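Residue numbers (the entry's author numbering), protein chains in the order written: chain B, 16 to 457, 463 to 493, 513 to 554, 567 to 599, 640 to 678, 715 to 875; chain A, 582 to 702, 725 to 833. In what follows, a single structure is set out as structure tokens and then discussed.
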Amino acid sequence: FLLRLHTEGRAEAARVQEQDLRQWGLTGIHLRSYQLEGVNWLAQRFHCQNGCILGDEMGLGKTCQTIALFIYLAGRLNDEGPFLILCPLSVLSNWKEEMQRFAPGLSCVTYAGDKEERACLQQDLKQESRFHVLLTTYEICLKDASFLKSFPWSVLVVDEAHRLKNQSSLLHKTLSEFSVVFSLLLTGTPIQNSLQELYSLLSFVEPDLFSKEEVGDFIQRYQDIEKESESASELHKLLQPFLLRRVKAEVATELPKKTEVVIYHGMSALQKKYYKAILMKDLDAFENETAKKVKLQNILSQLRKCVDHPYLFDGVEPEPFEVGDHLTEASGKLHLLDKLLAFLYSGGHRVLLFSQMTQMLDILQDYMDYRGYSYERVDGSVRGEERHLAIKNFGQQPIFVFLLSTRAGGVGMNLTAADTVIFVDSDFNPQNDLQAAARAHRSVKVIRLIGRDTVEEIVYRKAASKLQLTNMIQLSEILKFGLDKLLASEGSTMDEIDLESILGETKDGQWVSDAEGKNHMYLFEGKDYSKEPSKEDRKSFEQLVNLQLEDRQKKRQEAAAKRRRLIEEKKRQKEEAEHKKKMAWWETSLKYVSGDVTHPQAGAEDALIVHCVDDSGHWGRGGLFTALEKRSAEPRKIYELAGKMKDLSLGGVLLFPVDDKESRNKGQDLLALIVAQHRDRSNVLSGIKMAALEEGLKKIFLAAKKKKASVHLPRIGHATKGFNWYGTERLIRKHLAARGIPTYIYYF
Amino acid sequence: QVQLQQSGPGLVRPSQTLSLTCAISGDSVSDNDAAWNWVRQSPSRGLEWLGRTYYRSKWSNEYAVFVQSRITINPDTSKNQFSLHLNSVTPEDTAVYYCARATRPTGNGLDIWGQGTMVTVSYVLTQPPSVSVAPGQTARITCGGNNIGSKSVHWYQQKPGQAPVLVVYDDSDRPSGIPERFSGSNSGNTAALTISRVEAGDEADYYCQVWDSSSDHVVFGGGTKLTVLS
Ligand SMILES: Nc1ncnc2c1ncn2[C@@H]1O[C@H](COP(=O)(O)OP(=O)(O)O)[C@@H](O)[C@H]1O
Ligand SMILES: [Mg+2]
């Protein structure tokens, strides 16, 4: 058994290990086993023929494998010759990105642009080895073939080369007459689909070996679809040094499937009631498309808003403002999110949570601060893991949830620990979600909460059907989604099968996740559609909404009382200059900011600063009071005056300016000192009441509507004031923001 | 595909500063093969190019002479967005504003467009303002320029209320998804768009656009409204 090299005695050559590639310029990633073997195969084939076909299944790293082949033959025999990459238009971005992320030493030039860029790139014909990889689409190369037929190309790389399966293709006939040393084809689909196309690619590879006239003979020698081992070994040995295909199943070191699971939830009584209310809001008056094209857009916006949570609208929240167990119960989506986050904490999975709606971001933040979970944010200003709650949370102090937004996802963060993603607010296009989820890796589990038989159902089913229209390439009806027969019970249909179905969806490992029925639906490359069959309920509800002695003494007593009040008011007036500024009856985005409210620069012009005090506070404490002291010391003296003379009570605010502004004399930093604390200072006791803050907000909104100036408020934190801070933010929105006043809340 | 969403006030008072921020999702702001353009549209003033900003080893802003004295387009790499600012806005600026991306692999032909924000307050190329056609027949839209063969034409189709959609780029190259019946042509001082087997869904406005390199700015066409006879 000495006959090892019985195949013409050809030597075993060598193996290109990963350290060799890393030394030769590779920087990007650590390749996998089969990827390293494929790079070895590409090198061995470059040495001993004119081209080959790397037919790995799509998504296995063919692009980075060709980049690694470049790194090899650039740092093994110093082949600085031009590498011409021809790709489809959609993947030129990926090619240009990976060429600079994996092979930064190799200068990559993209021959793209118009006729102006045609001439400006004819300018850079210096051929000084200032361009190592020329990347181009198919069409720009096809048109500008005159300039692209005058280079000693050592490597040509045709990505997704199934466009060359027709041997009479114009680009095939153009590329056949090029000066290429090694022609490499990249092909995702099974080239064995038809022997004609396989032989076409082979003839493009080796035009003299696989001659065209032999096509017929070829197809007659392998017409058999049966195995026929005695004749199958022939084809296998022939195609061995030319083709290399590996199925995804053949790779155990493949990245975990990151199974995207669409999970189903119900509704709430408030949700269904407001859904059928906002469907009957404007009654869809217009006939076809004159206003339905935009009215239905607004309607769908509000519908997905209600499905997320009804508290998005201004008037849905109850007048008593305090968080409780109703946030979870006022929305089946948030209830499912609660149970899912509980299961994730039980399994120990740190999770991401995106948001197209930033008000949904605020409400998710409030929920996290309620149930005690550590988190960050995306923009604006965060206080959960800042402010004074950062020292202790009911959840683990290390971050457990991340809060993100799709539009503001370009800020740049590192989230290596995240192995779970939740898409509560599903975008109508998942193209944004791809770059959203790219941050998880750079055993993941992507989850999307959507309510059953709702608008989100069609939105995502249409999104998935459109996402499948990429490789192998109305609004009324879609909006309607007539399944209301299921929501005709007017109940909530609160999901509770999920308490067991969640454990039945994933058996979590001790530290990471470990591997289409009732609620779970696994997206495993399949077609999914809906047809909204039961629209008769829609028509029915449409028709249904289309149907629609002692008082004499009281008077004398009140006359005497008002006379006494007149006398005492005149006494107070002529005592000294003692007066109020706000009176009861006299006639949309809460963007946060970082800094100190004493320096308000929001929109320049006028600036109304707001503060909260109690009767006879005068000089004390520090913080914002000290800061405004530093700002001309106006409130100290003005208050001191007002407190000398007993000139305030629950409510009411004094207005007054500080220093001066030379940029614009019309703009001044206005101030405000609200009185909301308890007037139990007779026995030098204190406490805070919140009911007076409501009328204080009323009167300051009146004043800010009269003067139309920017309003600026403090954090109002640094104590056990979460109830009033929740209610106070919501009341600031109710009275200032949601009533058309530029409000700004200052942090840090 | 990339997404270019936009936010701003759809109700700017006179003598104010119109600010409009377009955020990018799916691509980087400093893309070496991209240039980010602001373009407005109105039935009166037509479809005018406002400005653009690009990055070719040096951030370069290029504004139109119409508002060269009262415009400012600023990038933001941190937020991955671009902001447009217009000073002393007149009622003539009441229009619908879009952000687009000129991509070099497509001959900077404005592949993907925005959604449109309705703000309420040096090169000739002609188009036929109105072209009819019958179903099954073939329609031809002529973009008559001055030696337009020495430039790259870009044909867009805009539906009523919809954003402009690039139909052909670099004279005749067609982006994926567009049916093969739409064919581009360019020769001498005449470009053309040919629609074979005109269906009912082809009735829309059709614009041709090029880039004047002498005065260095984008120039659009007057427009062509296609009429099908269903
Ligand atoms: N080991 C790895 N390291 C880094 N990225 C990888 C790895 N395996 C796969 N990928 C990613 O998977 C994607 C699949 O692209 P690729 O397989 O190169 O194109 P194609 O599927 O057309 O051959 C690539 O963009 C690459 O970034
Ligand atoms: Mg590829």
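Cβ coordinates follow ideal geometry from the N, Cα and C atoms, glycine included.
Q | Span of the beta strand (DSSP E), counted from its first residue to its last, around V700/A | A | Here the question's residue 700/A lines up with position 119 in the second sequence. Where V700/A is concerned, the enclosing beta strand (DSSP E) stretches over 698-700.
Q. Under 7 Å between the Cβ atoms of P97/B and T42/B?
A. Within the first sequence, numbered from 1, the residue matching residue 97/B stands at position 82. Within the first sequence, numbered from 1, the residue matching residue 42/B stands at position 27. No.
Q.
For ligand 2, I want to know if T675/A counts as a neighbour, meaning its beta carbon is within less than 6 Å of at least one of the ligand's heavy atoms.
A. For the purposes of this step, residue 675/A is taken as the residue at position 94 of the second sequence. No, Cβ of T675/A sits at least 6 Å from all heavy atoms of ligand 2.
Q: Check the DSSP bridge columns for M572/B and list the partner residues they point to.
A: The count along the first sequence starts at 1 and reaches residue 572/B at position 521. Answer by DSSP bridge pairing, in chain order: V277/B.
Q: Give me whichever residues DSSP pairs with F98/B in a beta bridge.
A: For the purposes of this step, residue 98/B is taken as the residue at position 83 of the first sequence. Paired residues: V148/B, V170/B.
**Q.** Selected residue, minimal CA-CA separation from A803/B, among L775/B, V811/B, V785/B, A830/B
**A.** For the purposes of this step, residue 803/B is taken as the residue at position 676 of the first sequence. Checking every option, the nearest Cα to that of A803/B belongs to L775/B.
Q. With distances taken from CA atoms, which of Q142/B, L199/B, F575/B, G823/B is nearest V170/B?
A. Translated into positions along the first sequence, residue 170/B becomes position 155. For the residues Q142/B, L199/B, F575/B, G823/B, the minimum Cα distance to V170/B belongs to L199/B.
Q | Validate contact between the region 227-236 of chain B and the region 208-219 of chain B using beta carbons, cut 8 Å, 3 pairs | A | Contact between the region 227-236 of chain B and the region 208-219 of chain B is present, because at least three Cβ pairs lie under 8 Å.
Q) From the beta carbon of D614/A, is the nearest beta carbon of chain B less than 7 Å away? A) If you number the second sequence from 1, residue 614/A lands on position 33. Closer than 7 Å to some Cβ of chain B, the Cβ of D614/A qualifies, so yes.
Q) How would you write the range of the alpha helix (DSSP H) that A846/B sits in, first residue to last? A) Position 719 of the first sequence, counted from the first residue, corresponds to residue 846/B. No alpha helix (DSSP H) contains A846/B, which DSSP labels as neither H nor E.
Q) Roughly how many angstroms lie between the CA atoms of residue 879/B and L585/A, to the nearest whole one? A) Since the first residue shown for chain B is 16 and the last is 875, residue 879/B is missing from the structure and cannot be characterised.
Q.
At a cut-off of 6 Å, would you count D71/B as near ligand 2, judging by its Cβ distance to the nearest heavy atom?
A. Taking the first sequence and counting its residues from 1, one reaches residue 71/B at position 56. Not so, every heavy atom of ligand 2 lies at least 6 Å from the Cβ.
Q | Contacting positions in the region 123-153 of chain B - beta carbon closer than 7 Å to chain A | A | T125, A127, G128, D129, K130, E131, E132, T152
Q.
For a cutoff of 7 Å on Cβ pairs, would you count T421/B as touching chain A?
A. Mapped onto the first sequence, residue 421/B falls at position 406. At least one chain A Cβ lies under 7 Å of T421/B.
Q. Looking at the C-beta of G425/B, does it have a partner C-beta in chain A at a distance below 7 Å?
A. Walking along the first sequence from the start, residue 425/B turns up at place 410. Yes, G425/B lies at the interface with chain A (some Cβ there is under 7 Å from its Cβ).
(Q) Please determine whether the Cβ atom of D657/A lies at a distance below 6 Å from any heavy atom of ligand 2. (A) Against the second sequence, residue 657/A aligns to sequence position 76. No; taking the cut-off as 6 Å, the Cβ of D657/A has no heavy atom of ligand 2 nearer than that.
Q: Please check if any C-beta of chain B sits within less than 7 Å of the C-beta of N668/A.
A: Within the second sequence, numbered from 1, the residue matching residue 668/A stands at position 87. Chain B, which has no Cβ nearer than 7 Å to the Cβ of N668/A, makes this no.
Q) Does the distance from the C-beta atom of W619/A to that of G632/A stay below 7 Å? A) Reading the second sequence from its first residue, position 38 is the one you call residue 619/A. Reading the second sequence from its first residue, position 51 is the one you call residue 632/A. In contact: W619/A and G632/A (Cβ atoms closer than 7 Å).
Q: Could you tell me which residues DSSP puts in a beta bridge with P656/A?
A: The sequence position of residue 656/A within the second sequence is 75, counting from 1. DSSP lists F663/A as partners of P656/A.
Q. Taking any Cβ of chain A, which residues in the region 96-110 of chain B have a Cβ under 9 Å from it, in chain order?
A. Within the region 96-110 of chain B, the residues whose Cβ lies closer than 9 Å to some Cβ of chain A are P103, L104, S105, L107, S108, listed in chain order.
Q | Chain-ordered chain B contacts of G787/A [CB-CB under 8 Å] | A | Walking along the second sequence from the start, residue 787/A turns up at place 184. Neighbourhood of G787/A in chain B, by CB distance below 8 Å: empty, with the nearest CB roughly 11 Å away.
**Q.** Cα-Cα separation between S191/B and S611/A, rounded to whole angstroms
**A.** Position 176 of the first sequence, counting from 1, holds the residue named residue 191/B. Position 30 of the second sequence, counting from 1, holds the residue named residue 611/A. Roughly 37 Å between the two C-alpha positions.
**Q.** Contact set between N661/A and chain B, taken where Cβ atoms lie within less than 7 Å
**A.** Here the question's residue 661/A lines up with position 80 in the second sequence. Those within 7 Å of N661/A in chain B are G425.
Q. Can you find a CB in chain B that lies within less than 7 Å of the CB of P686/A?
A. Here residue 686/A refers to the residue found at position 105 when the second sequence is read from its first residue. Interface residue, yes.
Q) Would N447/B count as contacting chain A if we go by Cβ distances under 7 Å? A) Translated into positions along the first sequence, residue 447/B becomes position 432. For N447/B, the answer is yes, since a Cβ of chain A falls inside 7 Å of its Cβ.
Q. Could you check where the beta strand (DSSP E) with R743/A kicks off and where it finishes?
A. As a working mapping, residue 743/A is identified with position 140 in the second sequence. Looking at the DSSP string, the run of the beta strand (DSSP E) that includes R743/A is 742-748.
Q) Which word fits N303/B, buried or exposed, when buried means at least 16 other C-beta atoms lie within 10 angstroms of its C-beta? A) Within the first sequence, the letter at position 288 stands for residue 303/B. When all chains shown are included, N303/B counts as exposed.
Q. For a contact meaning CB atoms closer than 8 Å, what does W814/A contact in chain B?
A. By 1-based counting over the second sequence, the position of residue 814/A is 211. Chain B residues near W814/A: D129, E131.
Q. Looking only at DSSP bridge pairs, what is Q812/A linked to?
A. Locating residue 812/A in the second sequence gives position 209, where the first residue counts as 1. Answer is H757/A.
**Q.** Segments of 3+ residues assigned as beta strand (DSSP E) that fall wholly inside the region 230-295 of chain B
**A.** 275-280
Q. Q450/B CB to nearest chain A CB: under 7 Å?
A. Residue 450/B sits at position 435 when you count from the first residue of the first sequence. Contact with chain A is found for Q450/B, since one of that chain's Cβ atoms lies less than 7 Å from the residue's Cβ.
Q: Return the bridge partner residues of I470/B from the DSSP annotation.
A: Within the first sequence, residue 470/B is the residue found at index 450, counting from 1. Looking at the DSSP assignment, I470/B forms a beta bridge with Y279/B.
Q | Min CB distance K661/B to chain A below 7 Å | A | Indexing the first sequence from 1 puts residue 661/B at position 570. Not one chain A Cβ lies under 7 Å of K661/B.
Q. Is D377/B closer than 7 Å to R261/B when the C-beta atoms are compared?
A. The sequence position of residue 261/B within the first sequence is 246, counting from 1. The sequence position of residue 377/B within the first sequence is 362, counting from 1. No, these two residues do not count as a Cβ contact at 7 Å.
Q. Can you name, in chain order, every residue of its own chain whose Cβ lies under 8 Å from the Cβ of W110/B, other than the five neighbours on each side?
A. In the first sequence, residue 110/B corresponds to position 95, counting from 1. Excluding sequence neighbours, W110/B sits near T78, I100, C102, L150, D174.
Q. Who are the near neighbours of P869/B in its chain, counting only those whose CB is closer than 6 Å to its CB and skipping five residues on each side?
A. Locating residue 869/B in the first sequence gives position 742, counting from the first residue. Once the five neighbours on either side are set aside, the close Cβ partners of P869/B are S837.
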